[PDB]
file input38.cif (mmCIF, N, CA and C atoms and all ligand atoms)
data_work
#
loop_
_atom_site.label_atom_id
_atom_site.label_comp_id
_atom_site.auth_asym_id
_atom_site.auth_seq_id
_atom_site.Cartn_x
_atom_site.Cartn_y
_atom_site.Cartn_z
N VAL M 447 -66.21 -4.54 27.05
CA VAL M 447 -66.65 -3.26 27.59
C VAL M 447 -66.66 -3.40 29.10
N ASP M 448 -66.33 -2.30 29.78
CA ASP M 448 -66.31 -2.29 31.23
C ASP M 448 -67.65 -1.79 31.74
N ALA M 449 -68.12 -2.39 32.83
CA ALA M 449 -69.41 -2.09 33.42
C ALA M 449 -69.44 -2.69 34.81
N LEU M 450 -70.39 -2.23 35.61
CA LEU M 450 -70.59 -2.81 36.93
C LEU M 450 -71.41 -4.08 36.81
N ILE M 451 -71.21 -4.98 37.76
CA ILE M 451 -71.86 -6.29 37.73
C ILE M 451 -72.50 -6.54 39.09
N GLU M 452 -73.71 -7.08 39.06
CA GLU M 452 -74.37 -7.62 40.24
C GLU M 452 -74.53 -9.12 40.09
N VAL M 453 -74.31 -9.85 41.19
CA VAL M 453 -74.53 -11.28 41.22
C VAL M 453 -75.50 -11.56 42.36
N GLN M 454 -76.59 -12.26 42.04
CA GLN M 454 -77.63 -12.55 43.01
C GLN M 454 -77.77 -14.06 43.10
N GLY M 455 -76.94 -14.68 43.93
CA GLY M 455 -76.96 -16.13 44.03
C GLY M 455 -76.91 -16.78 42.67
N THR M 456 -75.82 -16.57 41.93
CA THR M 456 -75.69 -17.05 40.56
C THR M 456 -76.81 -16.49 39.68
N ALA M 457 -77.14 -15.22 39.89
CA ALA M 457 -78.09 -14.50 39.04
C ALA M 457 -77.63 -13.06 38.91
N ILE M 458 -77.30 -12.66 37.70
CA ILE M 458 -76.77 -11.33 37.45
C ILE M 458 -77.88 -10.43 36.96
N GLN M 459 -77.71 -9.13 37.18
CA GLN M 459 -78.72 -8.15 36.81
C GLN M 459 -78.14 -6.76 37.04
N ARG M 460 -78.88 -5.75 36.58
CA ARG M 460 -78.59 -4.35 36.86
C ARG M 460 -77.18 -3.99 36.38
N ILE M 461 -77.02 -4.06 35.07
CA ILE M 461 -75.74 -3.81 34.42
C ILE M 461 -75.85 -2.51 33.64
N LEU M 462 -74.89 -1.63 33.84
CA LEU M 462 -74.86 -0.36 33.14
C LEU M 462 -73.50 -0.18 32.49
N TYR M 463 -73.50 0.21 31.22
CA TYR M 463 -72.25 0.39 30.50
C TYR M 463 -71.44 1.52 31.11
N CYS M 464 -70.12 1.39 31.01
CA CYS M 464 -69.18 2.43 31.41
C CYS M 464 -68.65 3.19 30.19
N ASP M 465 -69.44 3.24 29.13
CA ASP M 465 -69.01 3.88 27.88
C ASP M 465 -69.55 5.31 27.81
N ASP M 466 -69.19 6.09 28.82
CA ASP M 466 -69.56 7.50 28.90
C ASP M 466 -68.76 8.18 29.99
N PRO M 467 -68.30 9.41 29.75
CA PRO M 467 -67.47 10.10 30.74
C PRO M 467 -68.08 10.17 32.13
N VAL M 468 -69.30 10.69 32.23
CA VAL M 468 -69.91 10.80 33.55
C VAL M 468 -70.37 9.43 34.03
N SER M 469 -70.72 8.53 33.11
CA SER M 469 -70.95 7.16 33.53
C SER M 469 -69.67 6.53 34.05
N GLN M 470 -68.55 6.75 33.35
CA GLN M 470 -67.28 6.31 33.89
C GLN M 470 -67.03 6.95 35.24
N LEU M 471 -67.58 8.14 35.45
CA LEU M 471 -67.52 8.72 36.78
C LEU M 471 -68.28 7.83 37.74
N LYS M 472 -69.59 7.66 37.50
CA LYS M 472 -70.35 6.77 38.37
C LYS M 472 -69.67 5.43 38.49
N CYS M 473 -69.10 4.96 37.39
CA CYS M 473 -68.31 3.74 37.42
C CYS M 473 -67.16 3.87 38.41
N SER M 474 -66.54 5.04 38.46
CA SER M 474 -65.44 5.23 39.39
C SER M 474 -65.92 5.10 40.82
N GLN M 475 -67.13 5.55 41.11
CA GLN M 475 -67.67 5.41 42.45
C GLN M 475 -68.50 4.16 42.67
N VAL M 476 -68.54 3.24 41.71
CA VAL M 476 -69.15 1.91 41.85
C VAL M 476 -70.47 1.94 42.63
N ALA M 477 -71.21 3.03 42.52
CA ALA M 477 -72.45 3.22 43.25
C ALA M 477 -73.58 3.38 42.25
N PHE M 478 -74.66 2.63 42.44
CA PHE M 478 -75.76 2.78 41.50
C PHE M 478 -76.33 4.19 41.54
N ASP M 479 -76.26 4.85 42.69
CA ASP M 479 -76.58 6.26 42.78
C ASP M 479 -75.62 6.92 43.75
N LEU M 480 -75.39 8.21 43.53
CA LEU M 480 -74.48 8.98 44.36
C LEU M 480 -75.18 10.24 44.85
N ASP M 481 -74.82 10.64 46.06
CA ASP M 481 -75.33 11.87 46.65
C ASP M 481 -74.63 13.07 46.03
N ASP M 482 -75.33 14.21 46.04
CA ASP M 482 -74.78 15.45 45.53
C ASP M 482 -73.62 15.91 46.40
N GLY M 483 -72.75 16.73 45.84
CA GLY M 483 -71.65 17.26 46.61
C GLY M 483 -70.44 17.54 45.73
N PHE M 484 -69.30 17.70 46.40
CA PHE M 484 -68.05 18.07 45.74
C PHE M 484 -67.21 16.83 45.49
N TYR M 485 -66.70 16.70 44.27
CA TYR M 485 -65.90 15.55 43.94
C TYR M 485 -64.77 16.00 43.03
N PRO M 486 -63.56 15.55 43.29
CA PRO M 486 -62.44 15.99 42.46
C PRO M 486 -62.29 15.14 41.22
N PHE M 487 -62.20 15.78 40.06
CA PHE M 487 -62.21 15.05 38.81
C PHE M 487 -61.01 15.45 37.97
N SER M 488 -60.64 14.54 37.08
CA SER M 488 -59.55 14.78 36.17
C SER M 488 -60.03 15.58 34.97
N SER M 489 -59.07 16.14 34.24
CA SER M 489 -59.38 16.83 33.00
C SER M 489 -59.58 15.83 31.88
N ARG M 490 -60.49 16.16 30.97
CA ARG M 490 -60.75 15.29 29.82
C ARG M 490 -59.55 15.35 28.89
N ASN M 491 -58.78 14.27 28.86
CA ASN M 491 -57.57 14.21 28.05
C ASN M 491 -57.63 13.01 27.12
N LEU M 492 -58.77 12.84 26.46
CA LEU M 492 -58.98 11.74 25.53
C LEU M 492 -59.37 12.27 24.16
N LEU M 493 -58.70 13.34 23.73
CA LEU M 493 -59.03 13.97 22.46
C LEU M 493 -58.34 13.27 21.29
N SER M 494 -57.02 13.21 21.31
CA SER M 494 -56.26 12.65 20.21
C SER M 494 -55.16 11.74 20.73
N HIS M 495 -54.76 10.78 19.90
CA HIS M 495 -53.68 9.86 20.22
C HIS M 495 -52.59 9.80 19.17
N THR G 645 -66.19 -40.09 51.00
CA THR G 645 -67.11 -40.54 52.03
C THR G 645 -67.67 -39.30 52.71
N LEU G 646 -68.93 -39.37 53.15
CA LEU G 646 -69.67 -38.18 53.55
C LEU G 646 -69.82 -38.06 55.06
N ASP G 647 -69.85 -36.81 55.52
CA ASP G 647 -70.19 -36.46 56.90
C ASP G 647 -69.27 -37.14 57.90
N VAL G 648 -67.98 -37.16 57.58
CA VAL G 648 -66.96 -37.72 58.47
C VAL G 648 -65.69 -36.91 58.30
N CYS G 649 -64.94 -36.78 59.39
CA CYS G 649 -63.66 -36.11 59.32
C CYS G 649 -62.64 -36.99 58.60
N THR G 650 -62.02 -36.45 57.56
CA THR G 650 -61.11 -37.23 56.74
C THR G 650 -60.10 -36.30 56.09
N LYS G 651 -58.99 -36.89 55.65
CA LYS G 651 -58.05 -36.14 54.84
C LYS G 651 -58.51 -36.15 53.39
N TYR G 652 -58.48 -34.98 52.77
CA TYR G 652 -59.03 -34.81 51.43
C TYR G 652 -58.07 -33.97 50.61
N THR G 653 -58.18 -34.12 49.29
CA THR G 653 -57.40 -33.32 48.34
C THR G 653 -58.23 -33.21 47.07
N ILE G 654 -58.80 -32.04 46.84
CA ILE G 654 -59.74 -31.85 45.74
C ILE G 654 -59.23 -30.73 44.85
N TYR G 655 -58.99 -31.06 43.59
CA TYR G 655 -58.58 -30.08 42.59
C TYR G 655 -57.34 -29.33 43.04
N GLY G 656 -56.45 -30.02 43.74
CA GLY G 656 -55.28 -29.36 44.25
C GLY G 656 -55.52 -28.63 45.54
N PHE G 657 -56.72 -28.70 46.09
CA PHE G 657 -57.03 -28.10 47.38
C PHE G 657 -57.38 -29.21 48.35
N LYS G 658 -56.75 -29.17 49.52
CA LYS G 658 -56.71 -30.31 50.40
C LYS G 658 -56.80 -29.85 51.84
N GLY G 659 -56.98 -30.83 52.72
CA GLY G 659 -57.07 -30.53 54.14
C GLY G 659 -57.72 -31.70 54.86
N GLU G 660 -58.16 -31.40 56.07
CA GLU G 660 -58.80 -32.37 56.95
C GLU G 660 -60.12 -31.76 57.40
N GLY G 661 -61.22 -32.48 57.22
CA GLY G 661 -62.50 -31.91 57.58
C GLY G 661 -63.64 -32.86 57.27
N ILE G 662 -64.85 -32.35 57.49
CA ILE G 662 -66.08 -33.10 57.27
C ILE G 662 -66.79 -32.51 56.06
N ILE G 663 -66.96 -33.31 55.03
CA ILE G 663 -67.76 -32.93 53.88
C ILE G 663 -69.23 -33.03 54.24
N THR G 664 -70.02 -32.12 53.67
CA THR G 664 -71.44 -32.05 53.97
C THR G 664 -72.23 -31.66 52.74
N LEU G 665 -73.51 -32.00 52.78
CA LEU G 665 -74.47 -31.77 51.71
C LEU G 665 -75.45 -30.67 52.10
N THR G 666 -75.70 -29.75 51.18
CA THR G 666 -76.74 -28.75 51.33
C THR G 666 -77.66 -28.87 50.12
N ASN G 667 -78.63 -27.96 49.99
CA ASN G 667 -79.57 -28.05 48.89
C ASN G 667 -79.58 -26.79 48.04
N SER G 668 -78.73 -25.82 48.35
CA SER G 668 -78.83 -24.52 47.72
C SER G 668 -78.39 -24.68 46.28
N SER G 669 -79.34 -24.91 45.38
CA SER G 669 -78.99 -25.06 43.98
C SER G 669 -78.51 -23.72 43.44
N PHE G 670 -77.54 -23.78 42.54
CA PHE G 670 -77.03 -22.58 41.90
C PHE G 670 -76.72 -22.91 40.45
N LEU G 671 -77.17 -22.05 39.56
CA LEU G 671 -77.02 -22.32 38.14
C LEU G 671 -75.63 -21.98 37.63
N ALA G 672 -74.79 -21.40 38.47
CA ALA G 672 -73.44 -21.06 38.08
C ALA G 672 -72.48 -21.57 39.14
N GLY G 673 -71.41 -22.23 38.70
CA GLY G 673 -70.35 -22.64 39.59
C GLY G 673 -70.35 -24.12 39.94
N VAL G 674 -69.19 -24.76 39.81
CA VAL G 674 -68.99 -26.11 40.33
C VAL G 674 -68.29 -26.08 41.68
N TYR G 675 -67.72 -24.94 42.05
CA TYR G 675 -66.98 -24.78 43.27
C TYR G 675 -67.10 -23.36 43.77
N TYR G 676 -66.81 -23.18 45.05
CA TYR G 676 -66.82 -21.86 45.65
C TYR G 676 -65.85 -21.84 46.82
N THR G 677 -65.61 -20.64 47.33
CA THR G 677 -64.65 -20.45 48.39
C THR G 677 -65.04 -19.27 49.25
N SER G 678 -64.43 -19.21 50.41
CA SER G 678 -64.58 -18.02 51.23
C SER G 678 -63.86 -16.86 50.57
N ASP G 679 -64.26 -15.65 50.96
CA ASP G 679 -63.52 -14.47 50.53
C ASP G 679 -62.08 -14.57 50.97
N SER G 680 -61.84 -15.31 52.04
CA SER G 680 -60.50 -15.63 52.49
C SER G 680 -59.84 -16.69 51.65
N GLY G 681 -60.45 -17.09 50.54
CA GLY G 681 -59.84 -18.13 49.75
C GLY G 681 -59.87 -19.49 50.40
N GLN G 682 -60.83 -19.71 51.29
CA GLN G 682 -61.02 -21.00 51.92
C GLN G 682 -62.19 -21.67 51.22
N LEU G 683 -61.91 -22.78 50.56
CA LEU G 683 -62.81 -23.42 49.61
C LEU G 683 -63.92 -24.13 50.37
N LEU G 684 -64.98 -23.38 50.67
CA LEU G 684 -66.10 -23.95 51.39
C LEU G 684 -67.01 -24.77 50.49
N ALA G 685 -67.62 -24.12 49.51
CA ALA G 685 -68.67 -24.71 48.71
C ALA G 685 -68.18 -25.23 47.37
N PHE G 686 -68.79 -26.32 46.93
CA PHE G 686 -68.55 -26.81 45.58
C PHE G 686 -69.76 -27.60 45.14
N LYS G 687 -69.90 -27.70 43.83
CA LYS G 687 -71.09 -28.23 43.19
C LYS G 687 -70.77 -29.52 42.46
N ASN G 688 -71.81 -30.28 42.16
CA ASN G 688 -71.69 -31.49 41.37
C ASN G 688 -72.62 -31.36 40.18
N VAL G 689 -72.05 -31.32 38.99
CA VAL G 689 -72.86 -31.03 37.81
C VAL G 689 -73.55 -32.29 37.32
N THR G 690 -72.85 -33.42 37.36
CA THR G 690 -73.42 -34.67 36.88
C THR G 690 -74.66 -35.02 37.67
N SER G 691 -74.56 -34.95 38.99
CA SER G 691 -75.66 -35.30 39.86
C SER G 691 -76.51 -34.11 40.22
N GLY G 692 -76.05 -32.90 39.93
CA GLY G 692 -76.72 -31.73 40.43
C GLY G 692 -76.47 -31.47 41.89
N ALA G 693 -75.56 -32.22 42.51
CA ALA G 693 -75.34 -32.10 43.95
C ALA G 693 -74.49 -30.88 44.28
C1 LIG M 701 -70.99 -35.24 42.24
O1 LIG M 701 -71.51 -36.29 43.00
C2 LIG M 701 -72.21 -37.29 42.24
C3 LIG M 701 -72.81 -38.22 43.26
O2 LIG M 701 -71.81 -39.05 43.84
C4 LIG M 701 -71.24 -37.95 41.25
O3 LIG M 701 -71.95 -38.81 40.36
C5 LIG M 701 -71.98 -40.17 40.88
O4 LIG M 701 -70.74 -40.82 40.76
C6 LIG M 701 -70.77 -42.10 41.42
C7 LIG M 701 -69.40 -42.70 41.26
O5 LIG M 701 -68.39 -41.72 41.48
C8 LIG M 701 -71.89 -43.01 40.90
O6 LIG M 701 -72.08 -44.02 41.88
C9 LIG M 701 -72.55 -45.27 41.36
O7 LIG M 701 -73.83 -45.10 40.76
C10 LIG M 701 -74.54 -46.28 40.43
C11 LIG M 701 -75.76 -45.87 39.65
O8 LIG M 701 -75.37 -44.74 38.85
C12 LIG M 701 -74.94 -45.10 37.50
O9 LIG M 701 -73.48 -45.16 37.43
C13 LIG M 701 -72.85 -46.45 37.51
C14 LIG M 701 -71.35 -46.23 37.47
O10 LIG M 701 -70.96 -45.55 38.65
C15 LIG M 701 -73.38 -47.28 36.38
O11 LIG M 701 -72.59 -48.43 36.22
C16 LIG M 701 -74.80 -47.68 36.77
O12 LIG M 701 -75.36 -48.55 35.79
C17 LIG M 701 -75.71 -46.44 37.01
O13 LIG M 701 -76.39 -46.22 35.77
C18 LIG M 701 -74.82 -47.02 41.70
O14 LIG M 701 -75.63 -48.14 41.42
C19 LIG M 701 -73.46 -47.45 42.21
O15 LIG M 701 -73.56 -48.40 43.25
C20 LIG M 701 -73.12 -49.63 42.63
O16 LIG M 701 -71.71 -49.58 42.44
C21 LIG M 701 -70.92 -49.61 43.65
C22 LIG M 701 -69.47 -49.48 43.24
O17 LIG M 701 -69.38 -48.39 42.33
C23 LIG M 701 -71.23 -50.91 44.39
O18 LIG M 701 -70.42 -51.03 45.54
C24 LIG M 701 -72.71 -50.88 44.78
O19 LIG M 701 -73.04 -51.99 45.60
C25 LIG M 701 -73.55 -50.84 43.52
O20 LIG M 701 -73.32 -52.08 42.85
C26 LIG M 701 -72.59 -46.24 42.54
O21 LIG M 701 -73.19 -45.61 43.65
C27 LIG M 701 -73.22 -42.29 40.65
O22 LIG M 701 -74.02 -43.05 39.75
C28 LIG M 701 -73.01 -40.90 40.07
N1 LIG M 701 -74.27 -40.18 40.02
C29 LIG M 701 -74.64 -39.45 38.96
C30 LIG M 701 -75.97 -38.77 39.07
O23 LIG M 701 -73.95 -39.36 37.96
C31 LIG M 701 -70.57 -36.89 40.39
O24 LIG M 701 -69.55 -37.49 39.61
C32 LIG M 701 -69.96 -35.78 41.25
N2 LIG M 701 -69.40 -34.73 40.42
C33 LIG M 701 -70.11 -33.96 39.59
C34 LIG M 701 -69.33 -32.94 38.83
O25 LIG M 701 -71.33 -34.09 39.45
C1 LIG M 702 -82.73 -28.84 51.90
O1 LIG M 702 -84.10 -28.94 51.47
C2 LIG M 702 -85.03 -28.40 52.41
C3 LIG M 702 -86.41 -28.68 51.87
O2 LIG M 702 -86.92 -27.56 51.16
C4 LIG M 702 -84.77 -26.91 52.62
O3 LIG M 702 -85.67 -26.41 53.61
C5 LIG M 702 -83.33 -26.70 53.08
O4 LIG M 702 -83.06 -25.30 53.16
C6 LIG M 702 -82.36 -27.35 52.10
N1 LIG M 702 -80.99 -27.20 52.55
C7 LIG M 702 -80.16 -26.25 52.10
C8 LIG M 702 -80.72 -25.30 51.08
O5 LIG M 702 -79.01 -26.15 52.51
#
call {"tool": "encode", "arguments": {"input": "input38.cif", "output": "structure tokens"}}
result
Amino acid sequence: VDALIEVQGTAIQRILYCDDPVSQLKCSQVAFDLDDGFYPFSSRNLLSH
Amino acid sequence: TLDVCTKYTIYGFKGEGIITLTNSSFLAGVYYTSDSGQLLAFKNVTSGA
């Protein structure tokens, strides 16, 4: 599974899964928090394969 | 040999320099490098060095 990683002098913490569309968004901005505003996003094209 | 300028070749990484001892224990890693890929730090697991 893909997720963000923190390393604190050979100590990891603060891990959040990227198993969600808007989480994958936050994952895209690799920021634990993001400011409000305008952001360009792709269309959800993960319906069928 | 320690704290002297010498030619060295470690794990396929080599050069001329002075090896030195620090105390910063780390529970992960036997070796480390600069972001520039310059192998600064390395660990000793047997001795904990
Ligand atoms: C990280 O760095 C450490 C520290 O150097 C490395 O571990 C050491 O490795 C050295 C050899 O490379 C060891 O040095 C020797 O240790 C003796 C005591 O330790 C034991 O090991 C020896 C075998 O080396 C046994 O025979 C002995 O009974 C001990 O139980 C010292 O007494 C040695 O001095 C003697 O031998 C020399 C020649 O070797 C003579 O000239 C001396 O006069 C004297 O008779 C020697 O210093 C050392 O023991 C190791 N330490 C540890 C804690 O293991 C690691 O290998 C290195 N890498 C990693 C990944 O940790
Ligand atoms: C070596 O040990 C001393 C004693 O606590 C410490 O102050 C120093 O920072 C250590 N050296 C390192 C961590 O490089």
call {"tool": "interface_residues", "arguments": {"input": "input38.cif", "of": "chain M", "to": "chain G", "cutoff": "8 Å", "atoms": "all atoms listed in the file", "output": "NGL selection string"}}
result
:M and (455-457)
call {"tool": "write_last_selection", "arguments": {"input": "input38.cif", "atoms": "N, CA and C atoms", "output": "short mmCIF file (atom, residue, chain, number, x, y, z; two decimals), in the coordinates of the input"}}
result
data_model
loop_
_atom_site.label_atom_id
_atom_site.label_comp_id
_atom_site.auth_asym_id
_atom_site.auth_seq_id
_atom_site.Cartn_x
_atom_site.Cartn_y
_atom_site.Cartn_z
N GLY M 455 -76.94 -14.68 43.93
CA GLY M 455 -76.96 -16.13 44.03
C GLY M 455 -76.91 -16.78 42.67
N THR M 456 -75.82 -16.57 41.93
CA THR M 456 -75.69 -17.05 40.56
C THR M 456 -76.81 -16.49 39.68
N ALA M 457 -77.14 -15.22 39.89
CA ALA M 457 -78.09 -14.50 39.04
C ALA M 457 -77.63 -13.06 38.91
#
call {"tool": "atom_distance", "arguments": {"input": "input38.cif", "atom1": "atom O24 of ligand LIG 701 (chain M)", "atom2": "CA of residue 674 (chain G)"}}
result
11.4 Å
call {"tool": "select_by_dssp", "arguments": {"input": "input38.cif", "residues": "chain M", "states": "helix (DSSP H, G or I)", "output": "ChimeraX atom specification"}}
result
/M:467-474
call {"tool": "axis_aligned_box", "arguments": {"input": "input38.cif", "around": "ligand LIG 701 (chain M)", "padding_each_side": "8 Å", "output": "JSON"}}
result
{"center_x": -72.4, "center_y": -42.5, "center_z": 40.7, "size_x": 24.0, "size_y": 35.1, "size_z": 25.8}
call {"tool": "residues_near_ligand", "arguments": {"input": "input38.cif", "ligand": "ligand LIG 701 (chain M)", "cutoff": "6 Å", "atoms": "only N, CA and C atoms and all ligand atoms", "output": "ChimeraX atom specification"}}
result
/G:687-693
call {"tool": "residues_around", "arguments": {"input": "input38.cif", "residues": "residue 663 (chain G)", "least_positions_apart": "6", "cutoff": "6 Å", "atoms": "all atoms listed in the file", "output": "CSV table (one decimal) with N, CA and C atoms, keeping the file's coordinate frame"}}
result
chain,number,residue,atom,x,y,z
G,646,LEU,N,-68.9,-39.4,53.2
G,646,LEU,CA,-69.7,-38.2,53.6
G,646,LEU,C,-69.8,-38.1,55.1
G,647,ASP,N,-69.8,-36.8,55.5
G,647,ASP,CA,-70.2,-36.5,56.9
G,647,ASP,C,-69.3,-37.1,57.9
G,648,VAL,N,-68.0,-37.2,57.6
G,648,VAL,CA,-67.0,-37.7,58.5
G,648,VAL,C,-65.7,-36.9,58.3
G,649,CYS,N,-64.9,-36.8,59.4
G,649,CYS,CA,-63.7,-36.1,59.3
G,649,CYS,C,-62.6,-37.0,58.6
call {"tool": "residues_around", "arguments": {"input": "input38.cif", "residues": "region 462-473 of chain M", "least_positions_apart": "5", "cutoff": "9 Å", "atoms": "only C-alpha atoms", "output": "ChimeraX atom specification"}}
result
/M:447-451,478-480,487,490
call {"tool": "atom_distance", "arguments": {"input": "input38.cif", "atom1": "atom N of residue 655 (chain G)", "atom2": "atom N of residue 679 (chain G)"}}
result
17.9 Å
call {"tool": "select_by_dssp", "arguments": {"input": "input38.cif", "residues": "chain G", "states": "strand (DSSP E)", "output": "PyMOL selection string"}}
result
chain G and resi 649-654+657-662
call {"tool": "atom_distance", "arguments": {"input": "input38.cif", "atom1": "atom C of residue 461 (chain M)", "atom2": "atom C of residue 477 (chain M)"}}
result
10.7 Å
call {"tool": "closest_residue", "arguments": {"input": "input38.cif", "among": "G:677, G:682, G:653, G:664", "to": "ligand LIG 702 (chain M)", "atoms": "only C-alpha atoms and all ligand atoms"}}
result
G:664
call {"tool": "closest_residue", "arguments": {"input": "input38.cif", "among": "G:651, G:660, G:684, G:667", "to": "ligand LIG 702 (chain M)", "atoms": "only N, CA and C atoms and all ligand atoms"}}
result
G:667
call {"tool": "decode", "arguments": {"input": "input38.cif", "residues": "region 681-693 of chain G", "atoms": "N, CA, C and O atoms", "output": "CSV table (one decimal), in the first residue's frame"}}
result
chain,number,residue,atom,x,y,z
G,681,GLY,N,24.9,11.5,-2.2
G,681,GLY,CA,25.5,10.2,-2.4
G,681,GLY,C,26.9,10.1,-2.0
G,681,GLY,O,27.6,9.3,-2.5
G,682,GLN,N,27.3,11.0,-1.0
G,682,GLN,CA,28.6,10.9,-0.4
G,682,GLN,C,28.5,10.2,0.9
G,682,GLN,O,27.8,10.7,1.8
G,683,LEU,N,29.1,9.1,1.0
G,683,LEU,CA,28.9,8.1,2.1
G,683,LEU,C,29.6,8.6,3.3
G,683,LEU,O,30.8,8.3,3.6
G,684,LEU,N,28.9,9.4,4.1
G,684,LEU,CA,29.4,10.0,5.3
G,684,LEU,C,29.4,9.0,6.5
G,684,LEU,O,30.4,8.6,7.0
G,685,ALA,N,28.2,8.6,6.9
G,685,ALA,CA,28.0,7.8,8.1
G,685,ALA,C,27.8,6.3,7.8
G,685,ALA,O,27.3,5.9,6.8
G,686,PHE,N,28.3,5.5,8.8
G,686,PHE,CA,28.1,4.1,8.7
G,686,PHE,C,28.2,3.6,10.1
G,686,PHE,O,28.9,4.1,11.0
G,687,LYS,N,27.5,2.4,10.3
G,687,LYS,CA,27.3,1.9,11.7
G,687,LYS,C,28.1,0.6,11.8
G,687,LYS,O,28.5,-0.1,10.8
G,688,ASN,N,28.3,0.1,13.0
G,688,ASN,CA,28.9,-1.2,13.3
G,688,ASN,C,27.9,-1.9,14.2
G,688,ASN,O,27.6,-1.5,15.3
G,689,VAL,N,27.4,-3.0,13.7
G,689,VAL,CA,26.3,-3.7,14.4
G,689,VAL,C,26.9,-4.6,15.5
G,689,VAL,O,26.4,-4.7,16.6
G,690,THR,N,28.0,-5.3,15.1
G,690,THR,CA,28.6,-6.2,16.1
G,690,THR,C,29.0,-5.5,17.4
G,690,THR,O,28.7,-5.9,18.5
G,691,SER,N,29.7,-4.3,17.2
G,691,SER,CA,30.2,-3.6,18.3
G,691,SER,C,29.2,-2.5,18.8
G,691,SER,O,29.3,-1.9,19.8
G,692,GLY,N,28.1,-2.2,17.9
G,692,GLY,CA,27.3,-1.1,18.2
G,692,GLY,C,27.9,0.2,17.8
G,692,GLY,O,27.3,1.3,18.1
G,693,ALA,N,29.1,0.2,17.2
G,693,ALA,CA,29.8,1.4,16.9
G,693,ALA,C,29.2,2.1,15.7
G,693,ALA,O,28.5,1.6,14.9
